[PDB]
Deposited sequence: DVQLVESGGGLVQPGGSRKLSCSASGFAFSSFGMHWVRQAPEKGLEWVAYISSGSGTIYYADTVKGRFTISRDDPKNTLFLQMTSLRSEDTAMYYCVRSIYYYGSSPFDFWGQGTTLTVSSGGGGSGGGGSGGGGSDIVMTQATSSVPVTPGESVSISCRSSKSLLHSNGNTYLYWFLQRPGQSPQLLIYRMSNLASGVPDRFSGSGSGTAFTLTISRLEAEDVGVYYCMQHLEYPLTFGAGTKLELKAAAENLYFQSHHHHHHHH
């Protein structure tokens, strides 16, 4: 499964650009597409989303109107046309696949992303833990907090944990706050209820270094957490 990206670099402010995610190795049509941005030295923030068949398109309030996200299924491409880039649009951009059905794994795979540099209601997620020193082999816990309860009446809780080890794109650890992802070790686990939730790592490995993010999916203006950084 590949989610490479193209288009970006140095642009002048107030201009226009187009980011192209060239998916390959999986069924484009069945999956929903997400555009998620990360400030160069800061955490993630959700930008845009298109569903299967382009039936529903959602944008963040910050980028509403200026951005247009579309897809070309026959060519298996995801396009983001951005107009009038302000100073805050300079970011690391990722395309994320997310198929939505019972028992699915939304936000399973993330692309490498494009670096865009310009010349100079919503739920809140708080991670007061921030940076924490960790020693390999120990058991650590990362706490995430929600503005309001994310336990929908259907019985599901709606956190998605992502691990971004330094140098490349983040990957999914836990979906629906308690379900282990695919291809990720067993040691990772998630628990909690209500508004304060935790992710527990029973044993710390060399590749578990990096930052962790918690994201909600109850109300569609998705908001990522600050991100707790685990280092040796």
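Handout entry: Deposited residues absent from the coordinates (by C-alpha)
Key = Missing C-alpha atoms (numbering from 1) occur across the ranges 1, 122 to 135, 248 to 266.
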